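Trainee: Once you've seen the sequence and the experimental structure below, I've got questions.
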Amino acid sequence: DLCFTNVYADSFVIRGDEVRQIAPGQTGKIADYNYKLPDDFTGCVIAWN
Amino acid sequence: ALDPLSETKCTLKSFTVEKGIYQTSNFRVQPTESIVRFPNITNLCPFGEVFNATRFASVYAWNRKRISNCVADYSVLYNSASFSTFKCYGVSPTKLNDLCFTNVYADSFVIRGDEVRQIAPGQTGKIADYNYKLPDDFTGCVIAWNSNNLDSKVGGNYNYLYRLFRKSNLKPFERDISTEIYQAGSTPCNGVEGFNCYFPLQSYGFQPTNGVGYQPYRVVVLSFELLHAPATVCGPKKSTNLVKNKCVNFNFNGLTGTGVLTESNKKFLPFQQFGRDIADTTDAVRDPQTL
Amino acid sequence: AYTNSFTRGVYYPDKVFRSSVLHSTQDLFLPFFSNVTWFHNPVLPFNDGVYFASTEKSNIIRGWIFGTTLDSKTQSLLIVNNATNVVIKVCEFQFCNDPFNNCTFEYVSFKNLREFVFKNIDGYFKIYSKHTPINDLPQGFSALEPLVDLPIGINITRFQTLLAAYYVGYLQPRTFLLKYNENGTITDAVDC
Amino acid sequence: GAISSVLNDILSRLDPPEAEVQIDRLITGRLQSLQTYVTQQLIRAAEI
Amino acid sequence: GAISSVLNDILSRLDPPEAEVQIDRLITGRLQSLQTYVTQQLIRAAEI
Ligand SMILES: *[C@@H]1O[C@H](CO)[C@@H](O[C@@H]2O[C@H](CO)[C@@H](O)[C@H](O)[C@H]2NC(C)=O)[C@H](O)[C@H]1NC(C)=O
Ligand SMILES: *[C@@H]1O[C@H](CO)[C@@H](O[C@@H]2O[C@H](CO)[C@@H](O)[C@H](O)[C@H]2NC(C)=O)[C@H](O)[C@H]1NC(C)=O
Ligand SMILES: *[C@@H]1O[C@H](CO)[C@@H](O)[C@H](O)[C@H]1NC(C)=O
Ligand SMILES: *[C@@H]1O[C@H](CO)[C@@H](O)[C@H](O)[C@H]1NC(C)=O
Ligand SMILES: *[C@@H]1O[C@H](CO)[C@@H](O)[C@H](O)[C@H]1NC(C)=O
Ligand SMILES: *[C@@H]1O[C@H](CO)[C@@H](O)[C@H](O)[C@H]1NC(C)=O
Ligand SMILES: *[C@@H]1O[C@H](CO)[C@@H](O)[C@H](O)[C@H]1NC(C)=O
C-alpha cells in the first residue's frame, strides 16, 4: 500500500552468525568495517542460506 | 542569524517587530581547549593472566580476579577476533579507553554454548539461578568464546561441573561451592543420598562431536566498580597539560565537564578527591598528576 | 559495663568535600546515645560494622584480629601496629586462644583517646580513625577521617582485640544529617 | 530511571543509539520537573 | 499501558527486569494522575 521515490537494494554475502550484525545499531566486524546500517534505518533486510 | 534584529524577527516569527525588548538568544563562552588528566600510572593490566589462563574454573566455583592500579588497554579485547560474545552492558567497548574505575573484577568460568545467554542481567535458568547471577544494573562487559578445541576430548571431559539444585536462587555475584545433599523432599538426608536426596553438582559432557549448544565456552565477565574513590584502573588515554583561567573542556579521571579551572583556596582534607556544593554540583577537583 | 556514645561514631561518609552545608546521608553509623559495652581480648562478634574507642594513655592496645573462625583455613585479617609499622595481613593465620600462610594481601605503614570505625560491608575493608586528647566515653563531637581502604574482601563475622579501657559499639544503617563548617569539617550531626 | 543523572556520564559511557534511551528518560523527567515548577509559579504569581 | 493495573499481579506474573518496565508505566501514570489532582486543587483553592 506504500509508495517511495527510490528503493536501494544492497546485495552481498556473509556467514550465518553474522546475519545478526545486519541491523541498526549492531556492532562487530561486519557492522563496523563492512556494512553499516543507520540507527533510524527504515527498510527490509532479507537473508537466506 | 544575520543581525540581532533578524534574530528577533525569527523569534517572533514576524517580519515586523514592535517597540520593546525581546529575549532572543542565550550567550555562552565556548571552551578553547580540551584537557585530559589521568593518574600517571604506567602498568598494563594483567588481562592475559585471565584470558590466556591455561585452566578455567567450574561455573559453580567461578574464579574472581581483581584488577586495580593499572592502565587497561581494552583494544586488545574488542579489536581481537577471538570472541564470539563480547556484550557490554551500561558501557560501550569503544568508550572504555576513556574511562577510569576504582576496581575491575574479572570473573572467569566455563559453561556450554546454549547457556552463554544466561550470562546477562535478569536472565533465568540453571546457570543464572544456581551458578552465577548478574545483577539487573550490571555495568560491565561479558566475554565468551568457544573452547571446544581445549575443553573437549574424545570420551567426554567431565572436569567442569555445574550446580543442578539449590534451595533458592543466587544473589548477584553470590558464590556457592557447598556440596550439601539437596533435600528435595520432607525427609532429612543427614548427608546421605537416596530418594529425594541428590548431589547438588553434575559434570558437563564435553565431547568434540557435541552440538555447538553443548560445546564448551570459556567466559570472562568484567565488572566495573563505579564508586566514589580515587580511580586506579584507567584507559590508555594520554594526559595533557593543565590550563587555568580559561573556559576549557576538562576531563579528570573520565569525568567530563566544561568550566574555568582556577587555583582554589578550599581546605581539602588529604583523602578528599573532589568537592561538591549546596546543590550537590561538582565545583572543585584534586588534580590526578599533581596535588 | 555499658556507657553511652552521646554523639560519637560519626565519620566522613565519602571522599567528597562539602562546606557550609547540611548534607543527609544513609550509612552504617553508630546510633546516638547508644550503649557501648566497656572492656578492661574477648571474641566479640562483628555485625554490619563496629566502632572501637580506646582510652589508653600508655598505648597498650597495638592491634585487632578480624575474621570468622579466627584460625587456620579461613582467611583472617590481622592489623598489628608495632611502633613505626601498622603491619596488615590477611593470611590464614593460626592464632593463639589468648593472643597478644596463603597471604592474599600484606601492607606495611587516660588522655589518649583513639576512636576507630571498621566497616566491611562495601566489600573492601574500611577504617576510619580519629585521635582526641581528653581529660567514661567523653561527651562531645568528633568526625573520624578515613585511613585505609583495604581491598581484601575477607568475610568477617567476629573480631578480637590485641593488647587500657576500650568501649565497643555496633554500626547500624541510619540516615544522618551532617553539618559542615566553612572548612568542610563535620562539626555536628543529627540522628534522624 | 536513567543509568546516571549526569548527562555527561551517559554520553561518555554509551554510544549514541544506546545513550538516546537513557537521555530520553532524563529529558522526560527534567521537562516534567520544570513544568511542575512553572505551573506552581503561575499559580503563585496569581496570588501575588 | 502496563499489563495490569494491579501492582501485585505484575510482580507475581513477571520476572523483575520485565516487571520494572510495567511498574514504571504504572508509576508514571499514577504520578501524573496525582499531579493533575494537586494542580486542580490549588487552582480550586485559589478560587475559594
Ligand atoms: C562468613 O563466615 C561465617 C562463619 O563461617 C558464615 O556463617 C555461617 O553460615 C553457615 C550457613 O548459613 C551456617 O551454617 C553457620 O552456622 C554460620 N556460622 C556462623 C558463626 O554464623 C557466613 O555465612 C560467611 N559469609 C559469607 C559471605 O560467606
Ligand atoms: C576554619 O579554619 C580557619 C583556619 O584555621 C579557622 O580560623 C582560625 O580560627 C582560630 C580559632 O578561632 C583562630 O585562632 C585563628 O586565628 C583563625 N585563623 C585564621 C587564618 O583566620 C576557622 O575558625 C575554622 N573554622 C571553624 C569554625 O572551625
Ligand atoms: C593472550 O595471548 C595472545 C597470543 O599471544 C595475545 O595476542 C593476547 O594479547 C594475550 N592477552 C593479553 C596479554 O592481553
Ligand atoms: C607523575 O607522578 C608524580 C607523582 O608524585 C608527580 O610528581 C609528577 O608530577 C607526575 N608527572 C606528570 C606527568 O605530571
Ligand atoms: C543500655 O543498657 C541498659 C541495660 O540493659 C538498658 O537499661 C538501657 O535502656 C540501655 N540504653 C540504651 C538503649 O542505650
Ligand atoms: C592454601 O593454599 C593451598 C595451595 O594453593 C591450598 O591447597 C589450600 O586450599 C589453601 N588453604 C586452605 C586450607 O584453604
Ligand atoms: C615491626 O614489625 C615489622 C614486621 O615484623 C618489623 O619489620 C619491624 O622491625 C618491627 N618494628 C619494631 C621491632 O618495632
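Mentor: Sure, I can see it. Numbering: from 1, shown residues only, chains lettered A, B, ... in the order given. Ligands and ions are numbered 1, 2, ... in the order given.
Trainee: measure residue C:133 to residue C:124 for me?
Mentor: Distance of residue C:133 to residue C:124, given as C-beta to C-beta, to the nearest Å: 31 Å. Where C-beta positions appear, they are placed from N, C-alpha and C, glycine not excepted.
Trainee: Residue C:44 too?
Mentor: As defined by C-beta to C-beta, residue C:44 lies at a distance of 22 Å from residue C:124.
Trainee: Comparing the two, which residue is more hemmed in?
Mentor: Set residue C:44 next to residue C:124 and count neighbours by other C-beta atoms under 10 Å in any protein chain shown: residue C:124 wins out with 20 against 17.
Trainee: if I pick the more buried one, what's in contact with it?
Mentor: Contact analysis of residue C:124 by C-beta atoms under 8 Å, 6 or more residues apart in numbering or on different chains lists B:103, C:149-153.
Trainee: how about the helices of the chain, start to end?
Mentor: Just going to use chain A. Counting by DSSP state H, one finds helices in chain A at the ranges A:29.
Trainee: Not quite, go with chain D.
Mentor: D:7-13, D:16-47.
Trainee: angle of the longest one against strand B:85-89?
Mentor: Right, helix D:16-47. Orientation note: helix D:16-47 sits at an angle of 10 degrees relative to strand B:85-89 (axes from the mean of the first three to the mean of the last three C-alpha atoms, to 10 degrees).
Trainee: buried set for helix D:16-47?
Mentor: By 16 or more other C-beta atoms under 10 Å in any protein chain shown, the buried positions in helix D:16-47 come out as D:18-19, D:22-23, D:26.
Trainee: want to throw those residues into CSV with distance to ligand 2?
Mentor: Shown next, in CSV, are those (distance: C-beta to the nearest ligand atom, whole Å):
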residue, distance to ligand 2
D:18, 46
D:19, 43
D:22, 41
D:23, 41
D:26, 38
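Trainee: of all the residues you listed, which two lie farthest apart?
Mentor: Spatially, the most separated pair among the buried residues of helix D:16-47 is D:18 and D:26, at 13.7 Å (C-beta to C-beta).
Trainee: Okay, and residue C:114 sits in which element?
Mentor: Assessed by DSSP states H and E, residue C:114 sits inside strand C:112-119.
Trainee: in its sheet, what does whichever helix or strand comes after that strand sit against?
Mentor: Next along the chain after strand C:112-119, taking DSSP H and E as the criterion, comes strand C:125-133. When sheet partners are counted by DSSP bridges, strand C:125-133 sits next to strand C:112-119 (antiparallel), strand C:143-150 (antiparallel).
Trainee: which of these is buried the deepest?
Mentor: Highest mean neighbour count among these (mean count of other C-beta atoms under 10 Å in any protein chain shown): strand C:112-119, with a mean of 21.
Trainee: In chain A, which residue sits closest to chain C?
Mentor: Nearest residue of chain A to chain C (C-beta to the nearest C-beta) works out as residue A:27 at 31.2 Å.
Trainee: what's the spacing between that residue and residue B:78?
Mentor: Taken as C-beta to C-beta, the span from residue A:27 to residue B:78 is 9 Å.
Trainee: Now for the two: what residues contact both?
Mentor: In the contact map built from C-beta under 8 Å, 6+ apart, the residues linked to both residue A:27 and residue B:78 are residue B:93.
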